[PDB]
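Read through the structure below, which is laid out as structure tokens, and then see the notes.
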Amino acid sequence: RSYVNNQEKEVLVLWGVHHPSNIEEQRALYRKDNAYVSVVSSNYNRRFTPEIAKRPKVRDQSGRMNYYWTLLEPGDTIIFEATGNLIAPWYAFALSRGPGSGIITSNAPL
Amino acid sequence: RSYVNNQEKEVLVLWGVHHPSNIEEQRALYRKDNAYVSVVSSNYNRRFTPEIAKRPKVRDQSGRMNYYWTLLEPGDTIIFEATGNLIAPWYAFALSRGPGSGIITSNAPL
Amino acid sequence: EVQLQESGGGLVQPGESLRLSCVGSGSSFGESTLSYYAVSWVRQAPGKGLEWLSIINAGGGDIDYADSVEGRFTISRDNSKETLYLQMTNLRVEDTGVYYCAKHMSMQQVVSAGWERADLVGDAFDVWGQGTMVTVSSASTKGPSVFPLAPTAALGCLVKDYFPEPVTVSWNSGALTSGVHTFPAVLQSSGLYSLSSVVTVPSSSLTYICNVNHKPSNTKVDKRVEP
Amino acid sequence: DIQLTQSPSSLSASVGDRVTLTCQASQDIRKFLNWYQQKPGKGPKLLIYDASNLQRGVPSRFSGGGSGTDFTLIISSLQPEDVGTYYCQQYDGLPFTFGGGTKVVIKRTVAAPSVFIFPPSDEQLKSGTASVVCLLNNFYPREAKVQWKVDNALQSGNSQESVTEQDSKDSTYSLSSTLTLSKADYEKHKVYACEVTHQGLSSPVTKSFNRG
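This is the structure in structure tokens:
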């Protein structure tokens, strides 16, 4: 799947790669023992391979989902190619970055 | 291929790994579906595997060449081992680093 | 692999022109079609050896020619059609022969990868075409005369008067593919070619026919051979 | 230019013999030399590329050696399918040039020609021309003394014979003879004989026919 950034702004794309806990979970969900995800743009390209191991549970899940992101520049195209395990983007964000700020952690009302 | 740094100085070595855009480009150029590059010294060792995907064109190229570098110390040896996709070094640089400076970006004449 | 098929040759008057085409098909390593390689034209005169004429590189550059054909002949290639061309001009009688299309071994470009070879290698010809014949003679063309040779045993076909070569013999569409002997043609005293073709058959007789094909005159004969 | 000289012009050998073909060059062409076989009527097929490399699918018996100006192709166990013409060719410089070729000829046991005689047709003698043909089949050696007896009278000055190429399986030949004479001449005599002498026959075998 390709997406051409026609927003005249940066687009923030996020996605995920799912790592099952055993090979049977892999086969049931994706029907391949060996999957891979590729995300590639004009200045981004990573390949993501699922890595299956016994892990301690977190929120009662032994599996894991690794989350990733990139800022697709105006005019550039991002391409997703997957054999399995891809947590695909559905909604993304068109933004223009400001001069540069930070996070405040508080309970004071607005 | 090995190179023994006999310069009594640091040698800067650079190289590249070529990532085709489809498997047929891989087979035509290197005759292996699965290549790898290894560069190893006394304190450097990386393995580079080519990763083949559909990418947007840049300078009318869908392929990519990733560029790498290391400072081989005086007396040390660097070893290149490749099954394909290696952009091999041809010329390298013998240098002694100075106290430490920076880059000026200008149009003022020298 | 890659296959090559010359075409567009035959009989032409002296001082005239003729354009041979070389069509490529199939692919070698890495889905490499003919546009990945450099091609040459090579001709062979009747009874002699091989003469190289011209070379062209994959992208259409580095043309060169043999001195004997320089200025008259011109090489080119429509890579979109995977086709080579040879535009012959001012044809002389000695230009008669079988013109071949021959691919060079080494890969010269891989366009989708953005890879070219800096030099033009022009190394071994690993693929040739079947050839197309060019007959340069102001003599007119004439159709073949075919007569039977009725009857181990033997039955034949006598193609008596025609010009110029070549013809195509095939008994019962390749039914008799064993024991055949299409004989090399001779040049009769009149000036037109003659040729016989035979096959061995035992005591058993089944009907046997010979399929004759003479391209330059739209001639196709399925002559019988009954006793 | 560059001239390639091939020796010999032709070699006769037997099946299983090992043969050496020579190709010498007029100047140092390094190893930019290749060899092609060409069976008659067919296109050339590549055998050896760059002096010494066997091309894919070429039988392992083919070897090639040399460098500089002295190159050789070596056929290890000669087979009847090897009959044909072998050319060496260079690409060290333009124009690309070929050797003169070296024709391989096969020696085998003696073969007996099955002899046959053929008259014209109801359409040929009607056209106003006669063509009688003698067609010895698959024989070895090559030379066959073909003479024509018309009511026991030798023909001289009206003949034409064509030999086929050496067969790539049994290494035999084939020879047909053409006697071209008008249809007015055909009405005179009655019997025509094809007396041929060949080593494969203990005595001349004359196959003939009477007029009609």
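Residue numbers (the entry's author numbering), protein chains in the order written: chain A, 179 to 288; chain A', 179 to 288; chain H, 1 to 27, 27A to 27E, 28 to 52, 52A, 53 to 82, 82A to 82C, 83 to 100, 100A to 100P, 101 to 126, 135 to 189, 193 to 213; chain L, 1 to 212. A prime marks a further copy of an entry chain. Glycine included, C-beta positions come from ideal geometry on N, C-alpha and C.
Buried versus exposed call for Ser-180/A' [16 or more other C-beta atoms within 10 Å across all chains shown]: exposed
Could you check whether the stretch 30-42 of chain L touches the stretch 205-212 of chain H, counting it as contact only if at least three pairs of C-beta atoms, one from each stretch, sit closer than 8 Å? no
At which residues does the alpha helix (DSSP H) containing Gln-5/H begin and terminate? Per DSSP, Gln-5/H belongs to no alpha helix (DSSP H); it is in the beta strand (DSSP E), 3-7.
Kindly indicate if chain A' contains any beta-carbon less than 8 Å away from that of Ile-257/A. yes
Could you check the C-alpha separation between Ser-112/H and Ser-17/H for me, to the nearest Å? 13 Å
From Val-12/H, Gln-100/H, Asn-197/H, pick the residue whose C-alpha is nearest to that of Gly-157/H; which is it? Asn-197/H
Do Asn-244/A and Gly-194/A have their C-beta atoms closer together than 8 Å? yes
In the DSSP assignment, find the unbroken alpha helix (DSSP H) run with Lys-183/L in it and report its ends. 183-186
Bridge partners of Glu-188/A, per DSSP? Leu-273/A
Within chain H, partners of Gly-280/A' - CB distance below 9 Å: None at all; the shortest Cβ gap to chain H is about 35 Å.
Are there any heavy atoms of the ligand ADP lying less than 7 Å away from the beta-carbon of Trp-193/A, as far as the coordinates show? Ligands displayed in this structure: none; no statement on the ligand ADP is therefore possible.
Spell out the partners DSSP gives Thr-22/L in its beta bridges. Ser-7/L, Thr-72/L
For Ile-57/H, is the classification buried or exposed, using 16 other Cβ atoms within 10 angstroms of its Cβ as the cut-off for buried? exposed
Could you name the residues of the stretch 226-259 of chain A' whose beta carbon sits closer than 8 Å to any beta carbon of chain A, in the order they occur along the chain? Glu-229, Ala-231, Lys-232, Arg-233, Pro-234, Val-236, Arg-242
Taking 8 Å as the CB-CB cut-off, is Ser-182/L touching chain H? no
Considering Cα atoms alone, identify which of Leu-78/H, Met-108/H, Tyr-145/H is closest to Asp-86/H. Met-108/H
Hey, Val-191/A' and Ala-260/A': beta-carbon distance below 8 Å or not? no
For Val-191/A, decide whether its Cβ has a neighbour in chain A', counting only Cβ atoms nearer than 8 Å. no
My output table needs one value for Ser-30/H: the three-state DSSP class, helix, strand or coil. helix
Classify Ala-100D/H as helix, strand or coil using the three-state DSSP reduction. helix
Which residues, taken in chain order from the stretch 161-182 of chain H, show a beta carbon closer than 8 Å to some beta carbon of chain B? In the structure shown, chain B does not exist; the protein chains are A, A', H and L.
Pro-123/H to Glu-195/L, Cα distance in whole Å? 23 Å
Are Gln-105/H and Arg-100H/H touching if we call contact CB-CB under 8 Å? no
Is it true that the CB of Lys-145/L sits closer than 8 Å to the CB of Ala-193/L? no
Of the residues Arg-224/A', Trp-247/A', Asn-183/A', the one placed nearest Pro-267/A', counting alpha carbons only: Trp-247/A'
Inter-stretch contact at 8 Å, needing at least 3 Cβ pairs: the stretch 170-182 of chain H / the stretch 174-181 of chain L: yes
Please confirm whether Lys-107/L and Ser-168/L have their CB atoms less than 8 Å apart. no
By how many angstroms is the C-alpha of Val-83/L removed from the C-alpha of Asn-52/H? 34 Å
Is there a Cβ of chain A' sitting closer than 8 Å to that of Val-218/A, yes or no? yes
Say whether chain H places a C-beta atom closer than 8 Å to the C-beta of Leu-264/A'. no
Starting from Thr-68/H, follow its DSSP beta bridges and name the residues at the other end. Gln-81/H
Report the three-state DSSP secondary structure of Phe-27B/H (helix, strand or coil). helix
Using CA atoms only, rank isn't needed, just tell me which of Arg-237/A, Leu-288/A, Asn-263/A is closest to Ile-230/A. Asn-263/A
Same chain only: Cβ atoms within 6 Å of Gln-24/L, ignoring 5 sequence neighbours per side: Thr-5, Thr-69, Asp-70
Would you report the Cα separation of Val-133/L and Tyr-49/L, rounded to the nearest angstrom? 45 Å
Counting only the same chain and skipping the five closest in sequence on each side, list residues whose C-beta sits under 6 Å from that of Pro-40/L. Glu-165
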